[PDB]
């Protein structure tokens, strides 16, 4: 099997200011290369805007819905309204080859057809109803425990975590 190895990235997560572990994510470059690359770069800080590296470092998980999903990646506004990509502005849904068939999957958040940006979510259960609407682009290969810790964080209105869920550090493995 001389197939190119998919990119592996990592998020070091902090809850209420306390470090709680590392999540390693495989980006399915061999299925959705454009979407995977956009994400990898926001993990490495390789994409710069006005000389400044931009990405997930220091961003948060602004919405946690136990038994459904955890969402973050809005390093623009930190509230779910932010949109940014290495392609400049929102980009098209590459394809819907992969499904939300299990917990631990990485999928692009959006606000309708072809509105992908920087925001993403991690599945906490199977999300059948989301197939074809959101582009699945990766999965947790290590640190499922961190995701469950994140999932259990207490939330308030609109399921906003009561304590800060921060990506203290990130990069590529």
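Positions refer to the first chain, counted from 1.
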query: Stretch with the greater mean C-alpha B-factor as recorded in the entry, comparing 107 to 115 against 24 to 32; finding: 107 to 115
query: Segment of higher mean CA temperature factor, 143 to 151 or 45 to 53; finding: 45 to 53
query: Third of the chain's Cα B-factor distribution that residue 100 belongs to, per the entry; finding: middle
query: Lowest, middle or highest third - CA B-factor, residue 69; finding: middle
query: Entry-reported Cα temperature factor of residue 124, expressed as the chain third it lands in; finding: lowest
query: CA B-factor ranking of residue 1, expressed as a third of its chain; finding: highest
query: Chain third (lowest, middle, highest) by recorded CA B-factor, residue given as residue 63; finding: middle
